[PDB]
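>>> show me how the following folds:
(chains A, B, C, D, E and F, ligands or ions: 6)
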Amino acid sequence: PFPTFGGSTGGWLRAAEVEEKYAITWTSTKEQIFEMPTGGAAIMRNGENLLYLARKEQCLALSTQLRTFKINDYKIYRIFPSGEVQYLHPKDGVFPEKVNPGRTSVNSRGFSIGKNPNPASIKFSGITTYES
Amino acid sequence: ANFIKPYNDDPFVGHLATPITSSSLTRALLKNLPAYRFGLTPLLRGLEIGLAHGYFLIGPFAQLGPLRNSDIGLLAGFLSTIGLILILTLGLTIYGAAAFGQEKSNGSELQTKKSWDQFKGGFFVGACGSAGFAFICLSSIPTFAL
Amino acid sequence: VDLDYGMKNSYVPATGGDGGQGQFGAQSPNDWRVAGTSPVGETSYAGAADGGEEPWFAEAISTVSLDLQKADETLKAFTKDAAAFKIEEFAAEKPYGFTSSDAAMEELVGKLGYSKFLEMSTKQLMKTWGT
Amino acid sequence: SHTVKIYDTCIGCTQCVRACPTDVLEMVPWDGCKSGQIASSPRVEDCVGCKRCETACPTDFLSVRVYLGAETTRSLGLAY
Amino acid sequence: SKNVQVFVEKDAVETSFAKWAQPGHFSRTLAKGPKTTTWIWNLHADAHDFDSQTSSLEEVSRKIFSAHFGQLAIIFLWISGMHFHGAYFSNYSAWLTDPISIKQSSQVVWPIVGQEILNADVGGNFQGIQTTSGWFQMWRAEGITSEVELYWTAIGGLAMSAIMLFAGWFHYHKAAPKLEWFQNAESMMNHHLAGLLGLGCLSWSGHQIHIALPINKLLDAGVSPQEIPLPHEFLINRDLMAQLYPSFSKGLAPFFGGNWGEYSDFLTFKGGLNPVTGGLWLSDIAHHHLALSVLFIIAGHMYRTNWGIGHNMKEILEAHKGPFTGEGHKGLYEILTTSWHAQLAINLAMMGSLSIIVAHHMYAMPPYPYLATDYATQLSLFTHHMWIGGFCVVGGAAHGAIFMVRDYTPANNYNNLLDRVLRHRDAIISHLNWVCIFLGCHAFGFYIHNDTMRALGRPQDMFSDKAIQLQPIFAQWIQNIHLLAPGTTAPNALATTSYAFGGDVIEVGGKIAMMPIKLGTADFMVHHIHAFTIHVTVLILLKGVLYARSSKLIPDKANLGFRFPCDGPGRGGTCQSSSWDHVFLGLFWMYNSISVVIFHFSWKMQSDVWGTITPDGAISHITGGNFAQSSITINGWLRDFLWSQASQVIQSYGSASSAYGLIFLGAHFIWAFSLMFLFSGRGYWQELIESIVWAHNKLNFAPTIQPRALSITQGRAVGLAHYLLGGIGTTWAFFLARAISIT
Amino acid sequence: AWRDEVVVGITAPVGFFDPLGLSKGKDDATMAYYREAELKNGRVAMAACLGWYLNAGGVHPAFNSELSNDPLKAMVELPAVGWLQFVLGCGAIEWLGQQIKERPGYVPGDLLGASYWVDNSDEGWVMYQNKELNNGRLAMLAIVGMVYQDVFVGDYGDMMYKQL
Ligand code: CLA
Ligand code: CLA
Ligand code: CLA
Ligand code: CLA
Ligand SMILES: CC1=C(/C=C/C(C)=C/C=C/C(C)=C/C=C/C=C(C)/C=C/C=C(C)/C=C/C2=C(C)CCCC2(C)C)C(C)(C)CCC1
Ligand SMILES: CC1=C(/C=C/C(C)=C/C=C/C(C)=C/C=C/C=C(C)/C=C/C=C(C)/C=C/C2=C(C)CCCC2(C)C)C(C)(C)CCC1
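Residues are numbered from 1 along each chain as shown, chains lettered A, B, ... in the order given. Ligands and ions are numbered 1, 2, ... in the order given. See below for the structure:
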């Protein structure tokens, strides 16, 4: 289900084969030309499409472009060398910009930025003021 | 006709199959080079590589060195080459230690500690000997005249 | 699917100045520091791809890929808890002639697929499951 | 890697989560603001340190603060 | 109907002063009003970016056409002023009588505050600043003779300036052409290549054949300017012309018949330089323009317009495709007919490249009477045109990048040459990086090697013509080819195109005009350094164009724009990653490149060409031939060039050359001043401003337009600007002061 | 059968040209040898022609243009060391060529391995290949003609188009 592309010297390297790799998938209603983050132009297929990239940002950048084409069914995965796959985005099925009941707060401090502790107070502690 | 295609038919790998990258000439040359040739033992691989690199290195030193115009210029050139070979050998030793570690098992895989050590040894012998051969050859140059 | 495969990495968070393993782990379990190319008929990066007659470009031979079928499974597994919360709330709001959570899930996902199910409010779900 | 913290001064404008280039931020339910939503940083392991989020915050002083820290392949944006 | 027609909208924009009183009207954002000092700076930086001011190509196009008329008006006023100043504030008449002794001057300073010292005793009972633009020589070649004529050409210039300004107003406010009119490349090229250039050359040839040639012959012979017949007299009395050139007697009869040979009297292929004036023979120049005219007029009939015959550029471009280049040149026509930035890129690069060529060809083959012996003018012109060229070339690259970020559309460019280039960008940049390193290490290494050797008392180990030698064999060969060409490969010619390749020494007034320039080891070393500098400049600029839209580091650079400060402190640091920043860095390297080139010219000429020759054969060059053994080491350049040739500026105080000394110092100051903008950051300055504002507030007063520090991008721009001004300014004074003395 | 498959080499002026029928009973291997020989002999001829022309013209900027303009005299003047390098170098390439030939899928004459990207289905490819062959065939005859002129007639320059 690979989109039609002729190849580039800006594709993935060894890290994709020995450390980690990424993959995005989407469905289209027409064959159209899009610009790939790696560099160049490609033609998507009329239906399912799969593409591999080396960075999550590269994948999410393409998603932005896809939204312009009115495609909002994209999914991003991380494939480890052993074959293990992790579903990353949309994580809970709902885009992050939309509040979804069932998501808990993380890394939240209940005070204004100016209420953090003084650096000297936490000296020889190992923690930082913003983590204190 | 398109003479440039995606490498290995993977449109997303960062490489292309150009005439330079994948031509019968390039494939043939690289396949038979000592580094990638099939069947050569680690020692022999190093030996061939060393023999090749030592012979051409004596030239630069002998003809352009500080004592080039001296009667002992060629001798000095030889010594200089040996010095350079030693430096390069140190590098090979150090690389192996860092890249491969301290104890190995696979064996006969240029990419293991034991194999690398053997490879390094071959390089040293070949390089130094090759430089010596050049010394003997450059001692008397033939005019090939009848 | 081992949902902790990524978390199970060699990374050890430091005391101060580190976000941590986050949600999906901070680093790959595998070490990128592998060797270089090898002679014909030999392998280097463990489960590497044989370069055949072109060992010099072996790293360009892909061996890591995503199975579309397998892709479905990873989607379901990583989103299992979310689905659970969703159905639970639907159950709490006095479902019409409710049966079993799982049963309801199957019925509700039989229609509206699964992705649509994950993106629907309990109200919409109840409207959908009115029948 | 990097540390992102959200403070009580948030107003749930969602602008930050719409600017992250690597999906590190999310909008979670909350009651301290009229919007009834607050931002969270569930996946800081993918923060590159761009600080685009901070540039988008409308509060007097950023309600979202990014403190750069330990660097990994992901945080250093290395595709190689 | 007709493919090519004229479409114009009447009364498009009302003329009023309302918008004038509403600064920032062009922009939606700026129009709201000033709230901080940034608004002021932004107003000036977005003034001529029409693409951001409107979304319609027609509107953008209309503005550009009118704006161009404005530039033309300014240029005309400039030329007019020069001629006027040459009519009322010059010593042209005296110089005309004795060109060898009197010094050219066309600017006079008022007697205020001792500035009068700047009025030098140039000659001809006149005191003024010695100009170096070469106006006098040009006027002599045209056959001006009088100062009344200069006055009239000045009046014509003023009139022309006004006409252009009216045209600008008319074609923007009263009769604005529509987009369809602008998009007619074939017609434009036919007209510009046959009318602007072809007819232009032919007209000039007419002036040269009927007015300039005859007058200049009389001048050279010795006839006093006052005794030479007025220009109109030559045009009317054919007999007078027949006396000088004995072929006008036959009339135009030979021309209509095929006997063009009879006109050999005034149309010639002599080559070389006139012995008396030291300039190219005007007869040859006349044939030159006549020949070029024919060529251009013929070329203007290549593209289709409204009569079927001709070529359509689109078809030509699309047909040229090959096995290694996919769809080939498909898609380029649309780009160049729908993007002003793309057009500017190509046009600007070529224009700059031409200027550099003019500099080289205009010294080797002096084109004006009494120009070569005027070393000051020669040096000034070479350096001036070398600079103009460098800036333009870098500018072309900049606008090329703006295209990629603003006008490039993936859909219209599939598998075309552009697409394929952006698909192997890594390979291109990687290889160029290596080429730059190779050249740089080897080329500059030669100099460092030599310095070390000479310092260690080992002169026999240097790369010199007296030791290990690196001779420019290829160039030496071409020189011989060109020297022996006359009479062989160029049978009808009579002499070398330039005496630089080889020949005798042409001297005018006891001073050497041209002499064979030889190439040795030093020349090899310097030429290869030029290659290194140019190559590095290309690397920075090309990288900017290729990686303008995206990169592995920032995959979405396009959305950020062409001129963004950075993406953030993340990814290890993303400072200066925009295409604008690549142009910023490229200009610094262009400065270096051009500086070395101009220095090469100055030392080589003053050492191996310029000088004096005795009645017998004794050549004394200005510096004495030091270039061969001194330019092979860096210490040599610092001592035998900069330190020694700067004795003039530093010792100019108390003389008419005092201005150069002051400017030399002032330029150094500005150069250093810039380093504070290039090394510092906005943060420190903003905080400092806060404290300063505290003081004003403490006294119950503060500006509503809150004072803010300059933007990151502006900081860099201000720094580069001052850096360039200072550096170029310093050399300007150095060269001019030295030249005045050597002349 | 080679005759039933060959496409390159058969052109318009004469079509298949084997008046003496020297390929009637030959097998594919022999025919392959012939084609390879034809191409090699022709390609070398083309190169030789260019070399002769340049030397004769006088553009021999080597050894301070010491060697004679006559190509055949120059060869005698060349030191043997120069000739040895030539033969040995060509020999090396010949070895590599043998390696390529052994590899499966070898098309007689292809050392760049263009078979990897293009096949004879493409008319452009076959046509360009024909141009090489046709020019090579002509060059072979020419080099033989020129030598005759230089050795017997006594001239080593164009005696055909020289008269403007
Ligand atoms: C004198 C000051 C100076 C020097 C030496 C350099 C040097 C360099 N700049 Mg640079 N630059 C400078 C000022 C300078 N810059 C300034 C002020 C700016 C601001 C505008 C820039 C902006 C700039 C950019 C934007 C770019 C460069 C690039 C380069 C590189 C060109 C490649 C090359 O020739 O490598 C050779 C380097 C040398 C220094 C040659 C001399 C070294 C010796 C003689 C050669 C042999 C030494 C050997 C390798 C090791 C010896 C061992 C022993 C000494 C320990 C090179 C490293 C380009 C680059 O990286 O692309 C390749 C590039 O893109 N520069
Ligand atoms: C490229 C164009 C150019 C340049 C650079 C110069 C430069 C010079 N000219 Mg010259 N000139 C030119 C064109 C030019 N001229 C033309 C086309 C003519 C024909 C009309 C003349 C006629 C001319 C004469 C007749 C004289 C000069 C003189 C001079 C010198 C003194 C200038 C001066 O008046 O200072 C002083 C400047 C002023 C008195 C002007 C006052 C400053 C004004 C008020 C500031 C501008 C106000 C501002 C724009 C308001 C904006 C309002 C808004 C609507 C835009 C100076 C070297 C003089 C000279 O050399 O004497 C020895 C002199 O006598 N020129
Ligand atoms: C044919 C020539 C030409 C033309 C028509 C343009 C036109 C344009 N360029 Mg461009 N450019 C050119 C040549 C040209 N350029 C060259 C040669 C370079 C290389 C230096 C550049 C580099 C360049 C950059 C880097 C950028 C542009 C931009 C632009 C656009 C907006 C310009 C602007 O902001 O106006 C306002 C103009 C100014 C503020 C200039 C004022 C003059 C400043 C203050 C310098 C003055 C120096 C002065 C001579 C020194 C006097 C010393 C004395 C005081 C002692 C516009 C489409 C910008 C853009 O956004 O494009 C879309 C942009 O970012 N160009
Ligand atoms: C190296 C020499 C050489 C060789 C090996 C070939 C081989 C071939 N040619 Mg060929 N050819 C040559 C030179 C050669 N050619 C020259 C110089 C010309 C120009 C006249 C041609 C013109 C030509 C045409 C027009 C055609 C061929 C074809 C063929 C192929 C089928 C015919 C055949 O079997 O010929 C067998 C040939 C040989 C086994 C060797 C040739 C016999 C040798 C040279 C004996 C020497 C005879 C000669 C008179 C020597 C004196 C030369 C000079 C002193 C006058 C075959 C592969 C046909 C083809 O491509 O079909 C697929 C075809 O249509 N050839
Ligand atoms: C350009 C080119 C090429 C290449 C070339 C080259 C690169 C060459 C090189 C070469 C070389 C580089 C060679 C080498 C050689 C070496 C040798 C020959 C050695 C020897 C040695 C020996 C023989 C021995 C020694 C010893 C030892 C081992 C030890 C003990 C002692 C002794 C002494 C015994 C060719 C032509 C292909 C083709 C075209 C391209
Ligand atoms: C310096 C200057 C200027 C200029 C002036 C002038 C340039 C004057 C002149 C004018 C003129 C004086 C012009 C003229 C022209 C002429 C012509 C252009 C001619 C043409 C020709 C023709 C058109 C012909 C045709 C024909 C033929 C081809 C043959 C047959 C017959 C007939 C008739 C058909 C001004 C002031 C502006 C400004 C300042 C600077």
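
>>> so who does residue E:502 touch?
By Cβ atoms under 8 Å, 6 or more residues apart in numbering or on different chains, the contact set of residue E:502 is E:479-480, E:482-483, E:496, E:516. Yep, even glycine has a C-beta here, placed from its N, CA and C like the rest.

>>> also residue E:303?
E:185-187, E:189-190, E:310-313.

>>> near chain F, which residues of chain B are found?
B:1-5, B:17, B:19, B:22-25, B:27-29, B:31-32, B:143-146 (Cβ under 8 Å from any Cβ of the partner chain).

>>> these: which ones sit near chain A?
Among those, chain A is touched by B:4-5, B:17 when using Cβ under 8 Å from any Cβ.

>>> got the CA positions of stretch E:507-521 in CSV?
Extracted C-alpha coordinates of stretch E:507-521, given in CSV (Å, rounded to 0.1, in the frame of the first residue of the first chain):
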residue,chain,number,x,y,z
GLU,E,507,53.0,53.0,-23.9
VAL,E,508,51.2,56.4,-23.8
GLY,E,509,52.8,59.4,-22.3
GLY,E,510,55.8,57.5,-20.9
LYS,E,511,53.5,55.2,-19.0
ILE,E,512,52.7,51.6,-19.7
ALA,E,513,49.2,51.0,-20.9
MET,E,514,49.3,47.3,-21.5
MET,E,515,52.0,44.6,-21.5
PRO,E,516,52.1,40.8,-21.7
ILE,E,517,51.0,39.4,-18.3
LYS,E,518,52.8,36.3,-17.4
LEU,E,519,51.6,33.4,-15.2
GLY,E,520,53.8,31.5,-12.7
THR,E,521,53.6,29.6,-9.4
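
>>> pull out the buried positions in it.
E:507-508, E:511-517, E:519-521 (16 or more other Cβ atoms under 10 Å in any protein chain shown).

>>> need the contact partners of stretch A:32-46.
Contacts of stretch A:32-46 (Cβ under 8 Å, 6+ apart): A:1-6, A:8, A:10-11, A:26, A:28-31, A:51, A:53, A:58, A:61-62, A:65-66, A:69, B:12, B:14, E:410-411, E:413-415, E:419, E:422-423, E:425, E:549-550, E:555-556.

>>> which residues touch the residue nearest the centre of chain D?
Centroid-nearest residue in chain D: residue D:25, 5.0 Å away (criterion: Cα atoms, centre = their mean). Counting by Cβ under 8 Å, 6+ apart, residue D:25 makes contact with A:96, D:4, D:16-17, D:39-42, D:53, D:64.

>>> let's see it at 6 Å
Shown in contact with residue D:25 (Cβ atoms under 6 Å, 6 or more residues apart in numbering or on different chains): D:16-17, D:39, D:41.

>>> could you do residue E:574 as well?
Residues counted as contacts of residue E:574 (Cβ under 6 Å, 6+ apart) are E:566-568.

>>> tell me the spacing between whatever residue of chain B ends up closest to chain F and residue F:98.
Among all residues of chain B, residue B:24 sits closest to chain F, at 3.3 Å; criterion: Cβ to the nearest Cβ. For residue B:24, the distance to residue F:98 (Cβ to Cβ, to the nearest Å) stands at 12 Å.

>>> then residue E:588?
Residue E:588 is 54 Å from residue F:98, by Cβ to Cβ.

>>> so these two - more neighbours on which side?
More crowded of residue E:588 and residue F:98, by other Cβ atoms under 10 Å in any protein chain shown: residue E:588, with 16 against 10.

>>> can you list the residues of chain A near chain E?
Within chain A, the positions lying close to chain E (Cβ under 6 Å from any Cβ of the partner chain) are A:8-10, A:33, A:35, A:37, A:39-41, A:57-58, A:61.

>>> thinking again about what came up before, TSV for the buried residues of stretch E:507-521, including distance to ligand 4?
Below are the buried residues of stretch E:507-521 laid out as TSV (distance: Cβ to the nearest ligand atom, whole Å):
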residue	distance to ligand 4
E:507	63
E:508	64
E:511	66
E:512	61
E:513	60
E:514	55
E:515	56
E:516	51
E:517	51
E:519	47
E:520	50
E:521	49
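
>>> return the subset of these lying in helices.
With helices taken from DSSP state H, the overlap with the buried residues of stretch E:507-521 comprises residue E:521.

>>> residue A:88 sits in which helix or strand?
Following DSSP states H and E, one finds residue A:88 within strand A:85-89.

>>> what's the first helix or strand after that strand?
strand A:108-109.

>>> quick one: distance of that following strand to the chain centre.
Relative to its chain's centre, strand A:108-109 lies at 24 Å (Cα atoms, centre = their mean, to the nearest Å).

>>> what of stretch F:31-43?
Counting by Cα atoms, centre = their mean, stretch F:31-43 comes out at 9 Å from the chain centroid.

>>> which other residues reach that stretch?
F:2, F:108-109, F:136, F:140.

>>> what's the burial count for residue 30?
This is for chain A. Neighbours of residue A:30 (other Cβ under 10 Å): 8.

>>> not quite, go with chain D.
19.

>>> list the buried residues of whatever helix or strand residue E:293 lives in.
Using DSSP H and E, residue E:293 sits within helix E:282-299. For helix E:282-299, burial by neighbour count (16+ other Cβ under 10 Å) applies to E:282-290, E:292-293, E:296-297.
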